[PDB]
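Experimental structure and sequence below.
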Amino acid sequence: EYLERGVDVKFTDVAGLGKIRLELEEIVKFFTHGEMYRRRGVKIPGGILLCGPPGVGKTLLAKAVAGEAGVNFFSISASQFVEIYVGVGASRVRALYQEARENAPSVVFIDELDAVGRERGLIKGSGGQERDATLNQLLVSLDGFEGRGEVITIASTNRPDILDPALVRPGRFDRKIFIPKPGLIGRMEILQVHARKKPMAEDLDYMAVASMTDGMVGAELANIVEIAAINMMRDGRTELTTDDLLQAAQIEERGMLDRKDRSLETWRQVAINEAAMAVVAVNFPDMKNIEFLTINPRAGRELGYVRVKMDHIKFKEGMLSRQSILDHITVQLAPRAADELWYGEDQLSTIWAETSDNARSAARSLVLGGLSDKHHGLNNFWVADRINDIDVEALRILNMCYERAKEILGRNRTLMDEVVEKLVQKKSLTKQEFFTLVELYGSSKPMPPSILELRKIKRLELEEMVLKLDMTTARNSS
Amino acid sequence: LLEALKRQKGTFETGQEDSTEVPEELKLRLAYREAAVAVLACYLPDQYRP
């Protein structure tokens, strides 16, 4: 009933494994070299749990490790265990573990334990009672009494925090393996292994494609492959090339490109907004690298957009400076000030009503996030005066950033005009031409010194003053 | 034994391939923070936690 036929997935059919594959072949060793494991006085760990984002191929990983193990494979949905009546689920898991026991050697797979692995006492109902009964039955089948060494369970959950502490107790679910989002090389391998089944060209550098689809799951890479199969009848070309995959990545990243009737002043307004955004984005190190700048309307966003990719390591670790945030608010204050510099204060539009709210939210978050230097951070107080004064600093930072944005914008009026003319004329601008116009019409942008230069100057100053103390002690003593 | 205890106390949480180019401006901040902690711990010693 719960048995499958025709399992042939191996480690070659799955891509982007890394050192996890090593752990995977450990399971193969657990299924092959087990006599040496047992002779060294070691109990076989029967519980492995794969945790990660959905779409990483948890079922594919289970199929691959089952095929490489060379044993019978069981894959069962956990939603079948939950029933409006109580009792059938415990019998189902008992019969499941029994047929797994008699089919030894074998490996079983149970996906989405979050339906049946919830805490006992979070919902008051008969369904919760059935869930508790099934959880206890699987608890007693896994470790409860002696008599199982050859059946190994495989678990695949997206939220490991809902797991019962009874299950993760040593002896039931001890091995925990995280399968993360693919980085760079995993995306190459997944795209290539999904693209073997389609005729493909030899000039196809997937590096740029994966450099566009940063931080996307393997199922999304399969989708990118899927938007590289049909759509070529409109032009009718010969072979799949780089630009087709680049456009497919652009489509799956933002949406379908649609053209509608429009006036000229609307295009001028949108291009002025995008021009302000890009011009202020140029003058800061936090978002200097600009790739695309367009004003074409898309699905869900009539307004234009800009693309920037600074290294994604500081955001994950949280090492962003205060100057990194105070600039960004200025960037989010780029559109409205441009309106004040182009149409007057009496004719402010309502297109920047979203970025201006982002600027004020970022200012409030920076104020109450400990980055403020009013007393020393201290985003919490007791008396009413200091709590009232907390919000005033957000307004002061907002006004300072708005004035800085206004000054920066007034510094670059010629670059403003040239890039806005190019935006209304071409509707899309790449990195090369935009940076060429920035070089032709830009002003001075003195970059503030980084951490290394400040460290070096402070180190030489410290050494010189400590050696000054050295002579002022020595020649005074000698 | 040390590695078994290390994996059993759950130090690792990302579970990803540990190969990342760390910038100098990150190692510098980490080293300065650790030096500050070391200096403040040596200057103000704790009787039970050396």
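Yep, that arrived. Numbers count the residues shown, from 1 in each chain, chains lettered A, B, ... in the order given.

What ranges does the stretch 1-150 of chain A have for its helices?
Assigned by DSSP state H, counting those that start in this stretch, the stretch 1-150 of chain A shows helices spanning A:19-32, A:34-39, A:58-69, A:88-102, A:126-139.

Equivalent analysis for chain B, please.
All helices of chain B, identified by DSSP state H, fall at B:2-8, B:24-43.

Looking at those helices, which one is packed in the most?
helix B:24-43 (a mean of 11; mean count of other CB atoms under 10 Å in any protein chain shown). (Each C-beta comes from the backbone N, C-alpha and C, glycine too.)

Who are the packing partners of it?
helix A:313-317, helix A:451-477 (3 or more CB pairs under 8 Å, 6 or more residues apart in numbering or on different chains; DSSP states H and E).

could I get those as CSV with mean neighbour count and distance to residue A:57?
As requested, those are exported to CSV (neighbours: other CB atoms under 10 Å in any protein chain shown; distance: least, CB to CB, whole Å):
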stretch, mean neighbour count, distance to residue A:57
helix A:313-317, 12, 23
helix A:451-477, 10, 40
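
Between those, which one is closest to residue A:81.
Comparing the helices and strands packed on helix B:24-43 by their distance to residue A:81 (CB to CB), the top pick is helix A:313-317, with 36.4 Å.

Figure out how far the closest one is from the centre of its chain.
Mean-position distance between helix A:313-317 and its chain equals 11 Å (CA atoms, centre = their mean, to the nearest Å).

Name the next helix or strand following that helix along the chain.
Following helix A:313-317 in sequence order, the next helix or strand is helix A:322-332 (DSSP states H and E).

Return the set of buried residues in that next one.
Neighbour-count burial for helix A:322-332 flags A:324, A:325, A:326, A:327, A:328, A:329, A:330, A:331, A:332 (criterion: 16 or more other CB atoms under 10 Å in any protein chain shown).

which one of the helices of the stretch 1-150 of chain A is the most hemmed in?
helix A:58-69 (a mean of 21).

what's it in contact with?
The contact list for helix A:58-69, computed with CB atoms under 8 Å, 6 or more residues apart in numbering or on different chains, reads A:7-11, A:13-14, A:24-25, A:27-28, A:31-32, A:50, A:52, A:73, A:75, A:105, A:107, A:109, A:111, A:154, A:156, A:179.

how far does it sit from the chain's center?
Helix A:58-69 sits 26 Å away from the centroid of its parent chain (CA atoms, centre = their mean).

do stretch A:229-237 as well
Worked out by CA atoms, centre = their mean, stretch A:229-237 lies 31 Å from the chain centre.

quick one: contacts for residue 28?
No chain was given, so I picked chain A. A:65, A:68, A:69.

wait, chain B
By CB under 8 Å, 6+ apart, residue B:28 lies in contact with A:451, A:452, A:455.

Would you enumerate the residues in contact with the second one?
Put plainly, it is residue A:452. By CB under 8 Å, 6+ apart, the contact list for residue A:452 reads B:24, B:25, B:28.

Report the separation between residue A:276 and residue A:366.
According to CB to CB, to the nearest Å, residue A:276 and residue A:366 sit 22 Å apart.

more crowded one of these two?
residue A:276 (29 against 19; other CB atoms under 10 Å in any protein chain shown).

ok, the nearest residue to the more buried one once chain neighbours are set aside to residue A:275 distance?
Counting by CB to CB, 6 or more residues apart in numbering or on different chains, residue A:276 lies nearest to residue A:338, which is 3.6 Å off, once chain neighbours are set aside. Computed as CB to CB, the residue A:338 to residue A:275 distance reads 7 Å.

for the buried residues of helix A:322-332, which one is nearest chain B?
Nearest to chain B out of the buried residues of helix A:322-332 is residue A:324 (CB to the nearest CB; 11.7 Å).

hang on, isn't the closest one packed against residue A:310?
No. Counting by CB atoms under 8 Å, residue A:324 stays clear of residue A:310, with 9.8 Å between them.

interface residues of the stretch 1-150 of chain A facing chain B?
Proximity of the stretch 1-150 of chain A to chain B, by CB under 8 Å from any CB of the partner chain, involves residues A:18, A:19, A:51, A:52.

Selection in ChimeraX covering whichever of the residues you listed are buried, please.
The command below creates a ChimeraX selection of those among the residues of the stretch 1-150 of chain A next to chain B that count as buried (16+ other CB under 10 Å):
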select /A:18,51,52
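
quick revisit: between residue A:338 and residue A:275, what contacts are shared?
residue A:416.

Settle it for me: which of these two has more neighbours?
residue A:275 (31 against 24).

Okay, and the more buried one sits in which element?
helix A:264-282.

got the CA coordinates for that helix in CSV?
This file holds the C-alpha atoms of helix A:264-282, laid out as CSV (Å, rounded to 0.1, in the frame of the first residue of the first chain):
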residue,chain,number,x,y,z
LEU,A,264,4.3,62.5,-22.5
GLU,A,265,4.2,64.4,-19.1
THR,A,266,3.5,61.1,-17.4
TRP,A,267,6.7,59.6,-18.9
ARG,A,268,8.6,62.8,-17.9
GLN,A,269,7.4,62.5,-14.3
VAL,A,270,8.2,58.8,-14.1
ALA,A,271,11.6,59.3,-15.7
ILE,A,272,12.3,62.3,-13.4
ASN,A,273,11.6,60.0,-10.4
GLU,A,274,13.8,57.3,-11.7
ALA,A,275,16.5,59.8,-12.5
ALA,A,276,16.4,61.2,-8.9
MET,A,277,16.6,57.6,-7.5
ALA,A,278,19.6,56.6,-9.7
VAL,A,279,21.4,59.9,-9.3
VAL,A,280,21.3,59.8,-5.5
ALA,A,281,22.1,56.0,-5.6
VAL,A,282,25.3,56.8,-7.6
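
now what about that helix, what contacts it?
A:287-288, A:290, A:293-295, A:302-306, A:308, A:330-331, A:334-335, A:337-339, A:342, A:349, A:351-352, A:355, A:405, A:408-409, A:412, A:415-416, A:419-420, A:423-424, A:434, A:438, A:442, A:445.
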